[PDB]
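Only one chain is shown below, in structure tokens, and it's the form deposited in one PDB entry.
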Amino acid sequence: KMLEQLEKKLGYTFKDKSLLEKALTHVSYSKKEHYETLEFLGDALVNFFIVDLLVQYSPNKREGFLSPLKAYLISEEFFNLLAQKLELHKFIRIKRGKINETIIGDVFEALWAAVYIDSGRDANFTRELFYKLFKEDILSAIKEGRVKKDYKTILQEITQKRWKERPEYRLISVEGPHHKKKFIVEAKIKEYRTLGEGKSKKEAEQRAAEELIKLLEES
């Protein structure tokens, strides 16, 4: 079977083939054995794998900084960047409707569940096999701070949550001393204020937001 082309990239050789196929095969292809179950488990799994790696390498080890940074790590957006190293989609077995941005990301979770279950439920073995493939990528996504949405959206949701209030944006500067074009706005919430410059009134408001995000992690 062409399975071997995946085991090679994965770095593991299944002892129970149907298992591997199951995590790959979609319901539309066979409603009798699809990745619904494995996907469910894989979520909890992969999550742990990542949160663990994160908690262990996060610059600012604080839940106020982790929560948002984890969003991108356990998101289907990232799952594909990780799944692409496997070209998982090629091995998928879907029928009704071509591959979907989230269907693969859902297959990515099913897979690791399949490896986990095939190893005798050896968490340690599996977790390792997982770091051997993406630990580096995750560490990178963490060294940069990759967020799931623009800072402005994040900030808003944060404030509306904590204070049922949206942030305030005020323009402070539209020019420099020698008449150049640079915008300066003060993102503000409650009594917490920050500054942000940008080539645009918007780019300046996304900066000031990013700042008002840190200035709140520890409240």
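Numbers follow the displayed sequence, beginning with 1.
Missing here is the form deposited in another entry; even so, the following discussion is about that form.
Chemist: Test your reading of the motion between this form and the one not shown: two rigid parts, one hinge. Which of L133, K149, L66, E21 is at it?
Modeler: Comparing the two forms, the hinge falls at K149.
Chemist: Tell me whether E157 and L73 end up closer or farther apart in that other deposited form, going by their C-alpha atoms; the shift is 3 Å or more.
Modeler: Pair moves farther apart in that other deposited form.
Chemist: Please say whether the CA atoms of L73 and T159 come closer or move farther apart in that other deposited form, knowing the change relative to this form is 3 Å or more.
Modeler: Note: Cα gap between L73 and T159 widens in that other deposited form.
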